[PDB]
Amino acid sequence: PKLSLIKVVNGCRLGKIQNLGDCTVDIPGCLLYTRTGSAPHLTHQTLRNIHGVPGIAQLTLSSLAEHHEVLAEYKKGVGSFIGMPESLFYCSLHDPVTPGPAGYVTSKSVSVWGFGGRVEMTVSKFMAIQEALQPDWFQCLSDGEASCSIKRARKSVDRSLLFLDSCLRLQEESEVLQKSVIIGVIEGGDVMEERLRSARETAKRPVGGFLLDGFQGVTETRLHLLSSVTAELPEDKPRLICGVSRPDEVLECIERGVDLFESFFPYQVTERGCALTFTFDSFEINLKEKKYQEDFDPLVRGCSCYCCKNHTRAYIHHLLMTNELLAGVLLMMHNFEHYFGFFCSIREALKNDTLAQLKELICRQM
């Protein structure tokens, strides 16, 4: 497991994470977004044909924790349980789209909600759940509710370091988690002094990477907190960020040393019946609009996704008006393909030293 930089250009890290042990992950890049263990509306078979699919998928503890009992009996881990035994999985604590109620974090536990009832997790309970999940990477239990007051921000750092040390100790005693990688979590809220302390102290621990938590919008103030934090982190470990997925925000964070992003943005677009159309080599279109009822063009002329090569805007319009699941299937195929193609163009732009031009092309369309 090693992060090798191909090139660093203008604060932007181009590289690959290797030995994941025949798997690679490109940076900058995104993780495949899933909900309750499935890419939303898409089957294993459909996902295989989407071009540019990331080498790692994101699972959310909030959607999986309530299934601990069954996963513990299954013994072989969540990837195998959901029918993807050879895929790589990063398990985050929260879902960025449905984060649940705030105010339940203490020095002893963190709570998450999936479909049903509150799952309250102490360190030992959290680690027991991770022993059932056996993800390849997992976000450490952490307090990300500081900005959700230097007092509140200082506590988020100290709670998260205590959680980190306790989880590392339990991982030492866990056979099944010996092949899993803990991701340290930078907290501190909007207080600069705490952000730097969280960054420097978390870097002291033998984590496999860092999650930048609490930057979800992204203000110019938080962007400066972000670059301040990444300056304190080692270069040879990956930097993940949660809740930042819109293309303009992604580019701002890449310029400040962030490597890996969640891909919930194309999902949000799908759920409002929209298709991404922005050029990366209108920003989106709303397929319920009546102007599409007789429009026999694909969503995006020249797109090679299964939706655009074989179906029309007119058909998707009709499927939406009758609330058919096929509308979500076709829009999600296209929106993932478009979003992953955008990330491919970012890496190509870094290779050609043209990221500034791509940034202006994206901004122009917003």
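Throughout, we count residues from 1 along the sequence that is shown. So that the term is clear: the rigid core is the largest set of C-alpha atoms that superpose within 1.5 Å between two forms.
With 43 to 51 and 310 to 318 as candidates, the stretch whose CA atoms show the greater average offset from this form in 5 other deposited structures of this protein after a core fit is 43 to 51. Stretch 78 to 86 is the one, of 241 to 249 and 78 to 86, whose CA positions lie farther from the shown form in 5 other deposited structures of this protein once all structures are superposed by the rigid core.
In this entry, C148 and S149 are separated by 4 to 9 residues of the deposited sequence that lack coordinates. Unmodelled residues of the deposited sequence between neighbouring positions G217 and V218 number 1 to 3. Just going by the entry, 324 to 332 versus 25 to 33 on mean CA temperature factor gives the higher value to 25 to 33. Averaged over Cα atoms, the B-factor as recorded in the entry is higher for 6 to 14 than for the other of 343 to 351 and 6 to 14. Going by the entry's values, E232 shows the largest Cα B-factor out of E232, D136, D213, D295. Residue-level inspection of the entry shows that, of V97, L287, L223, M127, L223 has the top Cα B-factor. In the deposited entry, the Cα temperature factor of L361 places it in the lowest third of its chain's modelled residues.
For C242, the recorded CA B-factor ranks within the lowest third of the chain. Only modelled residues enter the ranking.
For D158, the recorded CA B-factor ranks within the highest third of the chain. Only modelled residues enter the ranking. In the deposited entry, the Cα temperature factor of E262 sits in the bottom third of values across the chain's modelled residues. The deposited CA B-factor of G79 belongs to the lowest third of values across its chain.
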